[PDB]
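Asks: Below you will find the structure I want to go over with you.
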Amino acid sequence: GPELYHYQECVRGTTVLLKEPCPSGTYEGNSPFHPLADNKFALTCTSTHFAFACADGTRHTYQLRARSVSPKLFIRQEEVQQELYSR
């Protein structure tokens, strides 16, 4: 099916409350999955990427953009780099 790549930005260390895109879906990732109230899943805001495969077949990929203590940085190579142009 289609691959709907999504991204979410959160400060590195906190807990995101990602709204469940589709009922009864497959959580694809190494990150923790925690079904929260009102169809959500709590995740540690960090630089990772997971995916949500819905019963429809829709693949909703999910990038997590950990905003460090300095969410600007720009230390020679963008904010942090190696998460963008690492080749």
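Here's how to read the names in the structure tokens: chain A, B, ... by the order shown, residue numbers from 1 in each chain, ligand numbers from 1 in the order shown.
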For the interface of range 20-76 of chain A with range 80-85 of chain A (cut-off 12 Å, counting only C-alpha atoms), please tabulate each contacting residue of range 20-76 of chain A alongside its nearest pair of atoms and their separation in Å to one decimal, rows sorted by chain and increasing number, as CSV.

Replies:
residue,atom,partner,partner_atom,distance
A:46,CA,A:83,CA,12.0
A:47,CA,A:83,CA,8.3
A:48,CA,A:83,CA,9.5
A:49,CA,A:83,CA,10.8
A:63,CA,A:83,CA,10.6
A:64,CA,A:83,CA,10.7
A:65,CA,A:83,CA,9.2
A:66,CA,A:80,CA,10.3
A:67,CA,A:80,CA,9.9
A:68,CA,A:80,CA,9.3
A:69,CA,A:80,CA,12.0
A:70,CA,A:80,CA,10.1
A:71,CA,A:80,CA,9.6
A:72,CA,A:80,CA,9.0
A:73,CA,A:80,CA,7.3
A:74,CA,A:80,CA,7.1
A:75,CA,A:80,CA,6.9
A:76,CA,A:80,CA,8.6

Asks: Which residues come within 10 Å of residue 26 in chain A, counting only C-alpha atoms, excluding same-chain residues fewer than 3 positions away, as a list in words?

Replies: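 The contact residues come out as residues 22, 23, 29, 51, 52, 53, 54, 55, 57, 59 and 60 of chain A.
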
Asks: Quick one: write out the picked residues with N, CA, C and O atoms as an mmCIF file, in the first residue's frame?

Replies:
data_model
loop_
_atom_site.group_PDB
_atom_site.id
_atom_site.type_symbol
_atom_site.label_atom_id
_atom_site.label_comp_id
_atom_site.auth_asym_id
_atom_site.auth_seq_id
_atom_site.Cartn_x
_atom_site.Cartn_y
_atom_site.Cartn_z
ATOM 1 N N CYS A 22 -4.775 5.179 13.134
ATOM 2 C CA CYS A 22 -5.735 4.163 12.719
ATOM 3 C C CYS A 22 -5.978 3.156 13.836
ATOM 4 O O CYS A 22 -5.042 2.719 14.495
ATOM 5 N N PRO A 23 -7.247 2.788 14.060
ATOM 6 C CA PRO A 23 -7.628 1.810 15.085
ATOM 7 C C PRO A 23 -7.040 0.429 14.819
ATOM 8 O O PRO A 23 -7.101 -0.071 13.692
ATOM 9 N N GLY A 29 8.534 -0.466 15.286
ATOM 10 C CA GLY A 29 9.660 0.291 15.787
ATOM 11 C C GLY A 29 10.285 -0.346 17.007
ATOM 12 O O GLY A 29 9.695 -1.240 17.618
ATOM 13 N N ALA A 51 6.919 3.371 12.698
ATOM 14 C CA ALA A 51 5.863 3.336 11.704
ATOM 15 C C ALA A 51 4.589 2.757 12.289
ATOM 16 O O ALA A 51 4.619 2.024 13.278
ATOM 17 N N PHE A 52 3.477 3.105 11.675
ATOM 18 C CA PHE A 52 2.181 2.593 12.070
ATOM 19 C C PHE A 52 1.461 2.012 10.871
ATOM 20 O O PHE A 52 1.067 2.733 9.951
ATOM 21 N N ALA A 53 1.303 0.711 10.882
ATOM 22 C CA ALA A 53 0.605 0.023 9.812
ATOM 23 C C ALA A 53 -0.836 -0.223 10.203
ATOM 24 O O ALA A 53 -1.121 -0.987 11.119
ATOM 25 N N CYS A 54 -1.739 0.425 9.508
ATOM 26 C CA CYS A 54 -3.152 0.343 9.837
ATOM 27 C C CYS A 54 -3.784 -0.886 9.198
ATOM 28 O O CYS A 54 -3.250 -1.426 8.230
ATOM 29 N N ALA A 55 -4.925 -1.313 9.734
ATOM 30 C CA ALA A 55 -5.650 -2.465 9.200
ATOM 31 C C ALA A 55 -6.056 -2.241 7.743
ATOM 32 O O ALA A 55 -6.320 -3.193 7.007
ATOM 33 N N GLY A 57 -4.063 -1.064 5.601
ATOM 34 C CA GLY A 57 -2.879 -1.326 4.812
ATOM 35 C C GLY A 57 -2.027 -0.088 4.672
ATOM 36 O O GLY A 57 -0.917 -0.138 4.139
ATOM 37 N N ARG A 59 0.524 2.540 5.505
ATOM 38 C CA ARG A 59 1.738 2.588 6.303
ATOM 39 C C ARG A 59 2.065 4.028 6.671
ATOM 40 O O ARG A 59 2.461 4.811 5.817
ATOM 41 N N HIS A 60 1.878 4.386 7.930
ATOM 42 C CA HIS A 60 2.201 5.731 8.390
ATOM 43 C C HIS A 60 3.525 5.717 9.124
ATOM 44 O O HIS A 60 3.579 5.412 10.313
#

Asks: Among chain A, which residues does DSSP mark as strand (DSSP E) when it is run on the backbone? Keep the chain and numbering as in the structure and answer as a PDB file with N, CA and C atoms, in the first residue's frame.

Replies:
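Okay, this is what ended up in out32.pdb:
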ATOM      1  N   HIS A   6       5.348  10.595   8.217  1.00  0.00           N
ATOM      2  CA  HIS A   6       5.042  11.709   9.094  1.00  0.00           C
ATOM      3  C   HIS A   6       6.211  11.966  10.026  1.00  0.00           C
ATOM      4  N   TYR A   7       6.293  13.178  10.540  1.00  0.00           N
ATOM      5  CA  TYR A   7       7.323  13.531  11.500  1.00  0.00           C
ATOM      6  C   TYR A   7       6.702  14.259  12.691  1.00  0.00           C
ATOM      7  N   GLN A   8       7.313  14.101  13.852  1.00  0.00           N
ATOM      8  CA  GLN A   8       6.873  14.786  15.054  1.00  0.00           C
ATOM      9  C   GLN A   8       8.082  15.342  15.797  1.00  0.00           C
ATOM     10  N   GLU A   9       7.995  16.594  16.206  1.00  0.00           N
ATOM     11  CA  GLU A   9       9.094  17.239  16.890  1.00  0.00           C
ATOM     12  C   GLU A   9       8.804  17.343  18.378  1.00  0.00           C
ATOM     13  N   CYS A  10       9.738  16.872  19.192  1.00  0.00           N
ATOM     14  CA  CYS A  10       9.594  16.949  20.634  1.00  0.00           C
ATOM     15  C   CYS A  10      10.950  17.043  21.294  1.00  0.00           C
ATOM     16  N   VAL A  11      10.979  17.705  22.433  1.00  0.00           N
ATOM     17  CA  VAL A  11      12.200  17.931  23.167  1.00  0.00           C
ATOM     18  C   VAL A  11      12.744  16.615  23.702  1.00  0.00           C
ATOM     19  N   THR A  15       7.872  13.142  26.957  1.00  0.00           N
ATOM     20  CA  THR A  15       6.961  12.144  26.433  1.00  0.00           C
ATOM     21  C   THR A  15       5.974  12.755  25.440  1.00  0.00           C
ATOM     22  N   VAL A  16       5.994  12.262  24.208  1.00  0.00           N
ATOM     23  CA  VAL A  16       5.025  12.677  23.204  1.00  0.00           C
ATOM     24  C   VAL A  16       3.748  11.871  23.344  1.00  0.00           C
ATOM     25  N   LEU A  17       2.649  12.480  22.952  1.00  0.00           N
ATOM     26  CA  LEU A  17       1.357  11.820  22.970  1.00  0.00           C
ATOM     27  C   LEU A  17       0.813  11.753  21.555  1.00  0.00           C
ATOM     28  N   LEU A  18       1.331  10.817  20.780  1.00  0.00           N
ATOM     29  CA  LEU A  18       0.977  10.712  19.383  1.00  0.00           C
ATOM     30  C   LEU A  18      -0.414  10.111  19.238  1.00  0.00           C
ATOM     31  N   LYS A  19      -1.297  10.833  18.562  1.00  0.00           N
ATOM     32  CA  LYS A  19      -2.646  10.348  18.307  1.00  0.00           C
ATOM     33  C   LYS A  19      -2.612   9.199  17.331  1.00  0.00           C
ATOM     34  N   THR A  26      -0.482  -1.860  13.530  1.00  0.00           N
ATOM     35  CA  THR A  26       0.785  -2.477  13.879  1.00  0.00           C
ATOM     36  C   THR A  26       1.851  -1.416  14.130  1.00  0.00           C
ATOM     37  N   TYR A  27       2.323  -1.352  15.365  1.00  0.00           N
ATOM     38  CA  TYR A  27       3.386  -0.435  15.727  1.00  0.00           C
ATOM     39  C   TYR A  27       4.735  -1.019  15.318  1.00  0.00           C
ATOM     40  N   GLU A  28       5.367  -0.396  14.339  1.00  0.00           N
ATOM     41  CA  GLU A  28       6.642  -0.866  13.831  1.00  0.00           C
ATOM     42  C   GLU A  28       7.774   0.022  14.320  1.00  0.00           C
ATOM     43  N   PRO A  35      -0.273   2.602  24.607  1.00  0.00           N
ATOM     44  CA  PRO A  35      -1.607   3.113  24.293  1.00  0.00           C
ATOM     45  C   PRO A  35      -2.173   3.949  25.434  1.00  0.00           C
ATOM     46  N   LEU A  36      -2.325   5.235  25.182  1.00  0.00           N
ATOM     47  CA  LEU A  36      -2.791   6.162  26.185  1.00  0.00           C
ATOM     48  C   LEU A  36      -4.264   6.469  25.978  1.00  0.00           C
ATOM     49  N   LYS A  40      -4.110   7.242  21.923  1.00  0.00           N
ATOM     50  CA  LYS A  40      -2.781   7.790  21.714  1.00  0.00           C
ATOM     51  C   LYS A  40      -1.736   6.764  22.099  1.00  0.00           C
ATOM     52  N   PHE A  41      -0.479   7.116  21.921  1.00  0.00           N
ATOM     53  CA  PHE A  41       0.613   6.299  22.407  1.00  0.00           C
ATOM     54  C   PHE A  41       1.746   7.196  22.878  1.00  0.00           C
ATOM     55  N   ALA A  42       2.162   6.986  24.117  1.00  0.00           N
ATOM     56  CA  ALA A  42       3.202   7.799  24.724  1.00  0.00           C
ATOM     57  C   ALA A  42       4.581   7.295  24.332  1.00  0.00           C
ATOM     58  N   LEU A  43       5.430   8.216  23.915  1.00  0.00           N
ATOM     59  CA  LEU A  43       6.772   7.876  23.461  1.00  0.00           C
ATOM     60  C   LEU A  43       7.792   8.854  24.018  1.00  0.00           C
ATOM     61  N   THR A  44       8.990   8.369  24.291  1.00  0.00           N
ATOM     62  CA  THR A  44      10.081   9.237  24.684  1.00  0.00           C
ATOM     63  C   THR A  44      10.574  10.021  23.490  1.00  0.00           C
ATOM     64  N   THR A  48      14.451   9.194  16.581  1.00  0.00           N
ATOM     65  CA  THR A  48      14.172   7.853  16.103  1.00  0.00           C
ATOM     66  C   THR A  48      13.145   7.897  14.978  1.00  0.00           C
ATOM     67  N   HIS A  49      12.857   6.741  14.401  1.00  0.00           N
ATOM     68  CA  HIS A  49      11.811   6.639  13.401  1.00  0.00           C
ATOM     69  C   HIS A  49      11.091   5.306  13.535  1.00  0.00           C
ATOM     70  N   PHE A  50       9.781   5.377  13.635  1.00  0.00           N
ATOM     71  CA  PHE A  50       8.952   4.192  13.717  1.00  0.00           C
ATOM     72  C   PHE A  50       7.893   4.253  12.632  1.00  0.00           C
ATOM     73  N   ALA A  51       6.919   3.371  12.698  1.00  0.00           N
ATOM     74  CA  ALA A  51       5.863   3.336  11.704  1.00  0.00           C
ATOM     75  C   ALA A  51       4.589   2.757  12.289  1.00  0.00           C
ATOM     76  N   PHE A  52       3.477   3.105  11.675  1.00  0.00           N
ATOM     77  CA  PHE A  52       2.181   2.593  12.070  1.00  0.00           C
ATOM     78  C   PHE A  52       1.461   2.012  10.871  1.00  0.00           C
ATOM     79  N   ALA A  53       1.303   0.711  10.882  1.00  0.00           N
ATOM     80  CA  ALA A  53       0.605   0.023   9.812  1.00  0.00           C
ATOM     81  C   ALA A  53      -0.836  -0.223  10.203  1.00  0.00           C
ATOM     82  N   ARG A  59       0.524   2.540   5.505  1.00  0.00           N
ATOM     83  CA  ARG A  59       1.738   2.588   6.303  1.00  0.00           C
ATOM     84  C   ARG A  59       2.065   4.028   6.671  1.00  0.00           C
ATOM     85  N   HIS A  60       1.878   4.386   7.930  1.00  0.00           N
ATOM     86  CA  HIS A  60       2.201   5.731   8.390  1.00  0.00           C
ATOM     87  C   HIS A  60       3.525   5.717   9.124  1.00  0.00           C
ATOM     88  N   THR A  61       4.590   6.012   8.407  1.00  0.00           N
ATOM     89  CA  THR A  61       5.904   6.112   9.005  1.00  0.00           C
ATOM     90  C   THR A  61       5.973   7.349   9.894  1.00  0.00           C
ATOM     91  N   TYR A  62       6.725   7.275  10.978  1.00  0.00           N
ATOM     92  CA  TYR A  62       6.766   8.368  11.937  1.00  0.00           C
ATOM     93  C   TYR A  62       8.181   8.677  12.390  1.00  0.00           C
ATOM     94  N   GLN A  63       8.665   9.842  12.006  1.00  0.00           N
ATOM     95  CA  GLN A  63       9.959  10.319  12.452  1.00  0.00           C
ATOM     96  C   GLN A  63       9.806  11.125  13.727  1.00  0.00           C
ATOM     97  N   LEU A  64      10.742  10.958  14.636  1.00  0.00           N
ATOM     98  CA  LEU A  64      10.759  11.735  15.854  1.00  0.00           C
ATOM     99  C   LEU A  64      11.968  12.655  15.847  1.00  0.00           C
ATOM    100  N   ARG A  65      11.713  13.945  15.957  1.00  0.00           N
ATOM    101  CA  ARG A  65      12.761  14.937  15.883  1.00  0.00           C
ATOM    102  C   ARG A  65      13.036  15.492  17.267  1.00  0.00           C
ATOM    103  N   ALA A  66      13.944  14.830  17.954  1.00  0.00           N
ATOM    104  CA  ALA A  66      14.362  15.228  19.287  1.00  0.00           C
ATOM    105  C   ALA A  66      14.959  16.624  19.291  1.00  0.00           C
ATOM    106  N   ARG A  67      14.270  17.538  19.943  1.00  0.00           N
ATOM    107  CA  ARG A  67      14.790  18.874  20.157  1.00  0.00           C
ATOM    108  C   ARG A  67      15.611  18.883  21.434  1.00  0.00           C
TER     109      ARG A  67
END

Asks: Find the distance between CA of residue 77 in chain A and CA of residue 45 in chain A and write it in Å to one decimal.

Replies: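 That distance, rounded to one decimal, is 21.8 Å.
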
Asks: Counting only C-alpha atoms, figure out which residue out of A:20, A:37, A:32, A:56 gets nearest to residue 1 in chain A.

Replies: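 When distances to residue 1 in chain A are compared using only C-alpha atoms, the smallest one comes from A:56.
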
Asks: Do you have the CA of residue 21 in chain A-CA of residue 4 in chain A distance handy?

Replies: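 Value for the CA of residue 21 in chain A-CA of residue 4 in chain A distance: 10.7 Å.
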